[PDB]
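First up is the structure itself, then whatever we jot down about it.
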Amino acid sequence: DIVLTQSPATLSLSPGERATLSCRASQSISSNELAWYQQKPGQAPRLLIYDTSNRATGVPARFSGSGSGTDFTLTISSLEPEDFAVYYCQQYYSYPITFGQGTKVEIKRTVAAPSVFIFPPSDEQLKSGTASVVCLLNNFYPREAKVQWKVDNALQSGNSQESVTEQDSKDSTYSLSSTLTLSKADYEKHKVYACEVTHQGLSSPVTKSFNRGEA
Amino acid sequence: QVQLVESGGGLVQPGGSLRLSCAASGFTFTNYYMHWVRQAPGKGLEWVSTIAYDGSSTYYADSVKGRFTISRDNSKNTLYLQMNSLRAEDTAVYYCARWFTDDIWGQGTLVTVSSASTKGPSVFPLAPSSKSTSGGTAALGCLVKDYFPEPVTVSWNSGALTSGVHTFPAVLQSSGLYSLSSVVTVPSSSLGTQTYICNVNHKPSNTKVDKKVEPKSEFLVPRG
């Protein structure tokens, strides 16, 4: 079976730069039966190049493919923010049809600080026994960010989860939620709830907080 | 239109079966090989099966051989995949595809192999307030908690509001149920006069919730 090793596994470049993607086959793909695919989140893969070097309908000319026998290359000569995606090569010279494991392309942009917001649990949720506290970091870059929960100034541990959006297709920013989950009983034992955020675009860590049962 | 439309996935007990369908229009179906490919949550593409023009010839990835059968009804422009003895490693979105000088791909259909029960989400407001406000704009949202399996879809104001929406990826909670929030940023100055409603749809349980998200009443703010 033909195994396709794609490298690098991830690539982070600015708009305007040229991306070079490598797809190595474990044996010589004799006729030129290699294709490149682009896949964006929630979408089907999109054919870019087929038969190694033929560009497909409506593919921008910044995408082009080359190679043969054993090494193949996808070049994206002048990257746009919209080109954030996973790119795959596939082989159709032998069964099983196989794909590389992909290159995840991240698009760089200038530092953007998150806007930081905190949401106390709703009364509605509280009737039922549990409290969720949501800290939102909106529209920031780079991806790296630290969020810490404090309850009456005591650092929490193990009772939150984070979720991050895929890079925005236009502005290249991320957004992130951190959700602190506590029983209603625990929630009612403490007054100050605080989300502390550390991020390159902030001058020093930003704390957003509320007192239980204010308004 | 030139199109492939899939249907037929869902939650299935381990050991159970599903038949997926993929209806074609807009091109001469009978002239092309057709294929199924799958993609586990968070992972790459793997080919599952290929079928000749006239169904005379079929090929299968070794992991599905003996369990899955591809077939086609040319006179009805339809591709099928019969999946039997489903295992957890078969959980994936399944696409059908025509592979040519131009590709045509279906929209995908999720097949979740699990004996865990369907459960609809509870939907809670993330009310905006002065603590969710910065120079002219306010963030607000809906927390969609405790559902199984994926997916929930969330829109705002019945699809009319799209700008500034982030619906986060679901997290699996240690309870084995998913949770997600969807948030939106809007002009702060008209929280009093514009209505925000998140419309949550959990098809696996035919749950549909519309939650109105209203601004918090505050007194602990500058007077005025």
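Protein chains in written order, with this note's numbering: chain X, 1 to 215; chain B, 1001 to 1224.
Cβ atoms here follow ideal geometry from the backbone N, Cα and C, with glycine treated the same way.
- For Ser1155 (chain B), the secondary structure class from DSSP, reduced to helix, strand or coil, is strand.
- For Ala185 (chain X), the enclosing alpha helix (DSSP H) has its first and last residue at 184-188.
- Taken through DSSP and simplified to helix, strand or coil, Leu126 (chain X) comes out as helix.
- With a beta-carbon spacing of about 7 Å, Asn139 (chain X) and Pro114 (chain X) fall inside the 8 Å limit used to define contacts.
- In the three-state reduction of the DSSP assignment, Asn1031 (chain B) falls in the helix class, which pools H, G and I.
- Taking 9 Å as the upper bound on Cβ-Cβ separation, chain B lies near residues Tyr88, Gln90, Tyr92, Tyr95, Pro96, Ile97, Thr98, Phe99, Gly100, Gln101, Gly102 of the stretch 88-108 of chain X.
- Residues of the stretch 1169-1185 of chain B with a C-beta atom less than 8 Å from some C-beta of chain X are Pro1169, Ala1170, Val1171, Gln1173, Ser1179, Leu1180, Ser1181, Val1183, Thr1185, listed in chain order.
- Residue X:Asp1 holds the alpha-carbon nearest to the alpha-carbon of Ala1061 (chain B) among X:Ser64, X:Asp1, X:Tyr141.
- According to DSSP, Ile1070 (chain B) shares a beta bridge with B:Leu1081.
- Residue burial annotation: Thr1185 (chain B) is buried, with at least 16 other C-beta atoms found within 10 angstroms of its C-beta.
- DSSP, read as helix, strand or coil, puts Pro1187 (chain B) in strand.
- When the Cα atoms are used, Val3 (chain X) and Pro1169 (chain B) turn out to be separated by approximately 31 Å.
- Here DSSP, grouped into helix, strand and coil, assigns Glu82 (chain X) to helix.
- Within chain B, the C-beta atoms nearer than 9 Å to that of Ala215 (chain X) come from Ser1129, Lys1216, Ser1217, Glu1218, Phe1219, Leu1220, in chain order.
- Only residues of its own chain outside the window of five on either side were considered, and among them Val1152, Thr1153, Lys1208 have a CB closer than 7 Å to the CB of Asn1201 (chain B), listed in chain order.
- The Cβ of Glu124 (chain X) sits closer than 8 Å to at least one Cβ of chain B.
- Take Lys1216 (chain B), set aside five residues on each side of it, and the residues of its chain with a beta-carbon closer than 8 Å to its own are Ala1127, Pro1128, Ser1129, in chain order.
- Burial check for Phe1148 (chain B): the Cβ neighbour count within 10 Å reaches 16 or more, so the residue is buried.
- Excluding five sequence positions before and after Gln1082 (chain B), the CB atoms of its chain that fall closer than 6 Å to its own CB belong to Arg1019, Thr1069, given in chain order.
- With respect to the 8 Å criterion, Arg212 (chain X) and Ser172 (chain X) are not classified as neighbours on the basis of their beta carbons.
- Residue ranges of uninterrupted beta strand (DSSP E) with 3 or more members, entirely inside the stretch 19-106 of chain X and ordered along the chain, are 19-29, 34-39, 46-50, 63-76, 85-91.
- The way I'd put it, the stretch 1071-1090 of chain B doesn't touch the stretch 182-189 of chain X; fewer than three beta-carbon pairs between them come closer than 8 Å.
- In this structure the stretch 83-99 of chain X does not touch the stretch 121-128 of chain X; the number of beta carbon pairs closer than 8 Å is below three.
- Across the structure, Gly69 (chain X) and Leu13 (chain X) are spaced so that their CA atoms are roughly 29 Å apart.
- Among the residues facing chain X, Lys1145 (chain B) is included, as its CB has a counterpart in that chain under 8 Å away.
- In this structure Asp1102 (chain B) does not touch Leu176 (chain X) by the C-beta definition: roughly 38 Å separates them, more than the 8 Å allowed.
- Under the Cβ criterion (8 Å, minimum of three pairs), the stretch 16-36 of chain X does not count as touching the stretch 1090-1098 of chain B.
- Here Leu1045 (chain B) has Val1037, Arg1038, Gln1039 as same chain residues with Cβ atoms under 8 Å from its own Cβ, once five neighbours each way along the sequence are excluded.
- Against chain X, a Cβ distance below 8 Å from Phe1124 (chain B) picks out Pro121, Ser122, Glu124, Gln125, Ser132.
- The residue from B:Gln1013, B:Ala1052, B:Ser1132 with its alpha-carbon nearest to that of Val1113 (chain B) is B:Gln1013.
- The straight-line gap separating the alpha-carbon atoms of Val86 (chain X) and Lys40 (chain X) is approximately 7 Å.
- Secondary structure note for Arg1019 (chain B): its beta strand (DSSP E) is the uninterrupted segment 1018-1025.
- DSSP, reduced to helix, strand and coil, places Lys1131 (chain B) within a helical segment of the structure shown.
- Taking 3 residues as the minimum length, the beta strand (DSSP E) runs contained wholly in the stretch 1169-1218 of chain B are 1178-1187, 1197-1202, 1207-1212, in order along the chain.
- For the pair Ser1071 (chain B) and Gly1055 (chain B), the Cα-to-Cα distance works out to about 6 Å.
- Cβ-Cβ separation between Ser178 (chain X) and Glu162 (chain X): approximately 5 Å, consistent with a contact (criterion under 8 Å).
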